[PDB]
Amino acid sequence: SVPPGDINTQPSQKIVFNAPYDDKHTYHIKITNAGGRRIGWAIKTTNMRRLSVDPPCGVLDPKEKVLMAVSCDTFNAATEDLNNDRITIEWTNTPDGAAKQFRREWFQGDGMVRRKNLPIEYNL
């Protein structure tokens, strides 16, 4: 068993959404596999309604990178919670002999999952 290696994202520590919030704002993230072995990854957000990602999961060989899309729906800042949203990237090494298709089971099995959060900062 090996701990999945590291990944590099951009922005590296967080992500900022800028007002106005009456339009569907679609930013972008870059993920790169900074490890020695293939890995599969999947994303989770704090708001299924408000947040969206595409693609939502996948597989990267070492040093491979992917450009994914984060969106925002219209909303009303004046009354909701904005100090608490986030985007989590969970990953793990893919199994010997696996195909370039993501399989959730890879996370259920016996092993280790690595996690990275990128908080959402709302700039009004």
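For every residue, the number given is its place in the sequence shown, counted from 1.
S.K.: Comparing 63-71 with 90-98, where is the mean C-alpha B-factor higher?
M.R.: Looking at the recorded C-alpha B-factors, 90-98 comes out higher on average.
S.K.: Which is higher on mean Cα B factor in this entry, 45-53 or 73-81?
M.R.: Looking at the recorded C-alpha B-factors, 73-81 comes out higher on average.
S.K.: When the CA B-factors of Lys14, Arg115, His25, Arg103 are compared as recorded in the entry, which is the largest?
M.R.: Of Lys14, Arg115, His25, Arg103, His25 has the highest C-alpha B-factor.
S.K.: Ranked by Cα temperature factor within the chain, is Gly109 in the lowest third, the middle third or the highest third?
M.R.: Answer is lowest: the recorded C-alpha B-factor places it there.
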